[PDB]
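Everything on this sheet refers to the single structure shown next.
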Amino acid sequence: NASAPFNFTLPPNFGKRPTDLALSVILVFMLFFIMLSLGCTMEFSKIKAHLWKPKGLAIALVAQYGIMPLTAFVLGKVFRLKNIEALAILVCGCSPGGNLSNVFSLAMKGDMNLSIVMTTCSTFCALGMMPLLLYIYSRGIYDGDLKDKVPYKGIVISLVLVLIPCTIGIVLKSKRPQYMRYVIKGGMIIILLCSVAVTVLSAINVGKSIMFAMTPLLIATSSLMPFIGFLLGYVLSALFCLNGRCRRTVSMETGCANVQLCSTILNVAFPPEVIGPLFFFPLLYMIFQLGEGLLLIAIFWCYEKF
Amino acid sequence: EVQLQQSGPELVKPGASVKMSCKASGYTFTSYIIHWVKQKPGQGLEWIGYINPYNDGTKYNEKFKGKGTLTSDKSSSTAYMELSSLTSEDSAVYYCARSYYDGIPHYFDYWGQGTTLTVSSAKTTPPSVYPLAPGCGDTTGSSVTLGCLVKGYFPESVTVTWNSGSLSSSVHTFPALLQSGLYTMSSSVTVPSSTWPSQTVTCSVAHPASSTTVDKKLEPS
Amino acid sequence: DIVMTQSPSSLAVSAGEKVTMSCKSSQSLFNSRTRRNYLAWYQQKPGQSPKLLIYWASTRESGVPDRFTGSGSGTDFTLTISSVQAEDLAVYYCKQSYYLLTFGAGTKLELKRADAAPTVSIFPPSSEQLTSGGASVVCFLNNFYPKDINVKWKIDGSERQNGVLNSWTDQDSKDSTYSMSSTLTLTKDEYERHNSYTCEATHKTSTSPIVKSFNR
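Residue numbers (the working numbering), protein chains in the order written: chain A, 1 to 306; chain B, 1001 to 1221; chain C, 2001 to 2216.
Here's what the structure looks like:
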């Protein structure tokens, strides 16, 4: 069909919509509140204990940056994907773990201090050494340098906005732990309005509902990526003979990945008109990995009942 | 459809900086990249590099690192190419081409009309046409050839015609190639020997680049 | 890097003949992830910008005639015209874009003819030209088909071949044959002491070369 750009187009106002800015700022505030509530239920003792024993940190790093980009490259090679799709899936695989991974860790409730130290060290290591692995694994795709286009200020900004609420919660619990129920109720209400806000988003913010015309095989690989990540994390944890507490948290931290940086790099590298439904692909990937997370939540609770 | 518009012919001194303009307004200018191809006369195509107007990303060929410089203007939908380092052999024809770019440029579907660049000392000079005439003891024959050689003209704008000759029949316009900075061309016309004395033949040269249209008639020795 | 090599680089065919050019590239420029076989065939008529014909080495651009077919994989590629006509005479490059954008040497298409009948001509410099400060003797060869032709200048049985310039015509559409010219330039006070000025041209139409002498 020769080489033509997709008919998918974005509204001119979408670049600086006040509604989009309001959604971004309320999402940032929401992440701040949920991170504060999440770091409330941790203490520095286990943080220091897990930092002194970096075996879990080492296994998480070797799973996230050693095999995950390799399996992303292999999956792109075997499914005969296009250059843009292969680059997108490779960047998604190379991404470090996100904060929603820590939210699912709270849902599973296993070794939260290890989870937070894992995610902060993963983000730091990503910042340090993601462009080199991206250049190594992107031979034949995007001959451009791309080193100066991966976000750097965004990474440190996210790291600070994650660390500060956690430290605030830890120091609040350590020094004066008498206002627990109020902040937990605030967590419940922030979660409720988060459900309301995500419903509002999915209703009146997506637009151009043509994601179903997206290629089924890229849907299949976006489906398989979180599942294979979860399975690889679980087995790699199992064969290194640690305690049973860390299995689920390390496996599901390895499986989950961030998608904001992938969207930013795809948007800055290519025009919106060139990219078709792959622009909405990160949203689909995040939604489906959340679905897998909920499925494993249900499986874990069903197992623990029996 | 869309067409690629070039700046036009350019004449430049050996030491200077020349900028080429390529314009295309038939589509979304940011959706495609613009390449530049250098073609020496009769030496085939040669790649230079491409620019991506969306992010102003440029890639250069190995030899064009020193002189290659590509800039783009989203507002004007134009791509600019600058050399800033010129030599006598640098003169060639440059094309700007459009190619779709996902991760690798696919193919140059559309091309511009081309830009001809000449590097020399300029200093336009008028030609000095000189007639050609045999008769140095040769027996000649049934038919003989004639011509009018020209010397010392700088610009390519030159045209020779034979109003009193054989017209479009048995006429060959030999192209000129540079030598010593002033290239020369030649023309040939065939006239039967029997009818040659009966009517005279005159060669007229047209030089639109200057105000010289000198005409002269060849005389046998 | 990748270098593109074309074997024929020059051929002459009639209306019914097929050309079947081939350029072997350097290595297997086939993408395993996407079975596209990156390659593009361009046609450049004289005095015109190149025009795309085949992309992916298998798919022809819309608007081209059905006679242009391109088939190939790995390193070997071939473009066939079959029923070639008079407007298909151009230069083709089979550009590749697998790793770096490199163009081929190019092939030239001509029209066949039975034989050639070259005609020689010797022209002494004009009398007024000597007074200008130099001397210039010019000879041109007309109506010869083969391109491979050599001309040499003999002076008193000696060969110099210094300061000689050759110009070829562009195979006018009137006839398949084309002409060539040779020029010799020298300054004044350096023309009359030796005379001679013997011109010889070697052509494939006859084993014995044709030679023309000059006097005074």
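We treat Cβ as the ideally placed atom computed from N, Cα and C, and that holds for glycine.
- Message: So B/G1066 contacts chain C; which residues on that side make the cut at Cβ distance below 8 Å?
- Response: Simply none; closest approach about 18 Å.
- Within 10 angstroms of its Cβ, does A/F240 collect 16 or more other Cβ (buried), or is it exposed? Label assigned to A/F240: exposed.
- Query: Which one of C/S2121, C/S2196, C/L2165, C/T2187 has the shortest CA to CA distance from C/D2156?
  - Reply: With distances taken between Cα atoms, C/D2156 lies closest to C/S2196.
- Task: At 3 residues or longer, and completely inside the stretch 1024-1096 of chain B: list those beta strand (DSSP E) runs for me, N to C.
- Result: As far as the stretch 1024-1096 of chain B is concerned, its whole beta strand (DSSP E) runs of at least 3 residues are 1033-1039, 1045-1052, 1057-1060, 1069-1073, 1078-1082.
- Pull out every residue of the stretch 72-86 of chain A whose Cβ sits closer than 8 Å to any Cβ of chain C, in chain order. If the cut-off is 8 Å between Cβ atoms, the stretch 72-86 of chain A has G76, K77, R80, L81, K82, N83, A86 near chain C.
- Step through the CB atoms of chain F and report whether any lies within less than 8 Å of the CB of B/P1192. The structure shown contains no chain F; its protein chains are A, B and C.
- Span of the alpha helix (DSSP H), counted from its first residue to its last, around A/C94: Where A/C94 is concerned, the enclosing alpha helix (DSSP H) stretches over 83-94.
- What residues in the stretch 1117-1139 of chain B have a beta carbon less than 7 Å from any beta carbon of chain C? Those would be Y1130, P1131, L1132, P1134, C1136, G1137, in chain order.
- Message: For the beta strand (DSSP E) containing A/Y285, name the first residue and the last one.
- Response: No beta strand (DSSP E) holds A/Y285; the alpha helix (DSSP H) holding it covers 281-305.
- Item | the stretch 120-145 of chain A: positions lying closer than 7 Å to chain B by Cβ | Residues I141, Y142, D143, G144.
- Message: Could you check whether the Cβ of A/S3 sits closer than 8 Å to any Cβ belonging to chain B?
- Response: Interface with chain B (8 Å Cβ-Cβ cutoff): A/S3 is included.
- Message: Check whether chain A comes within 8 Å of C/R2067, counting only Cβ atoms and requiring the distance to be less than that.
- Response: Under the 8 Å criterion on CB atoms, C/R2067 is classed as non-interfacial with respect to chain A.
- Would you give the residue range spanned by the alpha helix (DSSP H) that A/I155 belongs to? A/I155 -> alpha helix (DSSP H) spans 153-175.
- Item | Buried/exposed call for B/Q1003, threshold 16 Cβ in 10 Å | Taking all protein chains shown into account, B/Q1003 has fewer than 16 neighbouring C-beta atoms within 10 Å of its C-beta and is therefore exposed.
- If you measure from the beta carbon of B/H1106 to each beta carbon in chain A, is any gap under 8 Å? A Cβ of chain A is located within less than 8 Å of the beta carbon of B/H1106.
- Query: Under a CB-based cut-off of 8 Å, is A/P271 close to chain B?
  - Reply: With 8 Å as the cut-off, A/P271 counts as an interface residue toward chain B.
- Message: Taking DSSP's pairing of strands, which residues face B/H1207 in a bridge?
- Response: Paired residues: B/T1212.
- In DSSP terms, what B/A1016 is bridged to: Answer by DSSP bridge pairing: none, since B/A1016 is not bridged.
- Task: Using a cut-off of 7 Å between C-beta atoms, extract the partners of C/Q2129 located in chain B.
- Result: Going along chain B in sequence order, the residues near C/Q2129 (Cβ under 7 Å) are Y1130.
- Would you tell me roughly how many angstroms separate the C-alpha atoms of A/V162 and A/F33, rounded to the nearest one? Rounded to whole angstroms, the gap between the alpha carbons of A/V162 and A/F33 is 10 Å.
- Could you tell me if C/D2001 is buried or exposed, where buried requires 16 or more neighbouring beta carbons within 10 angstroms of its beta carbon? Here C/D2001 is exposed, its C-beta having fewer than 16 other C-beta atoms within 10 Å.
- 8 Å Cβ cutoff met for A/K16 and B/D1102: For A/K16 and B/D1102, no; Cβs fall outside 8 Å.
- Task: Using a Cβ-Cβ cut-off of 8 Å, state whether A/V268 counts as contacting chain B.
- Result: Closer than 8 Å to some Cβ of chain B, the Cβ of A/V268 qualifies, so yes.
- Going by Cα to Cα distance, which pick from A/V250, A/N267, A/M108, A/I210 is closest to A/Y303? Taking only the C-alpha atoms, the option nearest A/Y303 is A/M108.
- Using a Cβ cut-off of 9 Å, pull out every chain C residue sitting near B/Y1095, in sequence order please. Result: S2049, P2050.
- Task: Please list the partners that C/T2102 has in chain B, where partner means a Cβ-to-Cβ separation under 8 Å.
- Result: Simply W1047.
- Query: Given 8 Å as the limit, is there contact between the stretch 258-276 of chain A and the stretch 144-152 of chain A, that is, 3 or more CB pairs closer than that?
  - Reply: Contact between the stretch 258-276 of chain A and the stretch 144-152 of chain A is present: three or more C-beta pairs spanning the two stretches fall below 8 Å.
- Query: Which chain B residues are close to C/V2138, counting only those with a beta carbon under 9 Å from its beta carbon?
  - Reply: Proximity of chain B to C/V2138 at the Cβ level (cut-off 9 Å) is accounted for by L1132, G1147, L1149, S1186, in chain order.
- Task: Can you give me the Cβ contacts of B/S1221 inside the same chain, cut-off strictly under 7 Å, excluding the 5 residues immediately before and after it?
- Result: The residues are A1133, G1135, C1136.
- Query: Going by the C-beta, is A/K185 closer than 7 Å to any heavy atom of the ligand MN?
  - Reply: Among the components modelled here there is no ligand, and therefore nothing to report on the ligand MN.
- Message: What does the Cβ neighbour count give for B/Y1110, buried or exposed, with the cut at 16 atoms within 10 Å?
- Response: The residue in question, B/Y1110, is buried, as its Cβ has 16 or more Cβ neighbours within 10 Å.
- When the Cβ atoms of the stretch 1004-1016 of chain B are set against those of the stretch 1115-1125 of chain B, are three or more pairs found closer than 8 Å? Using a C-beta cut-off of 8 Å, the stretch 1004-1016 of chain B makes contact with the stretch 1115-1125 of chain B, since at least three inter-stretch Cβ pairs fall below that distance.
- Message: What does the alpha-carbon distance come out to for the pair A/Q64 and A/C246?
- Response: Our two residues, A/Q64 and A/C246, have alpha carbons roughly 16 Å apart in a direct line.
- For B/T1115 and chain A, any beta-carbon pair shorter than 8 Å? With 8 Å as the cut-off, B/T1115 does not count as an interface residue toward chain A.
- Considering B/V1160, what are the terminal residues of the beta strand (DSSP E) in which it resides? Element bounds for B/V1160: 1159-1161.
- Query: Skipping 5 residues on each side, what residues in its chain have a beta carbon closer than 8 Å to that of C/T2102?
  - Reply: Closer than 8 Å at Cβ, skipping near neighbours: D2001, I2002, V2003, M2004, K2095, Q2096.
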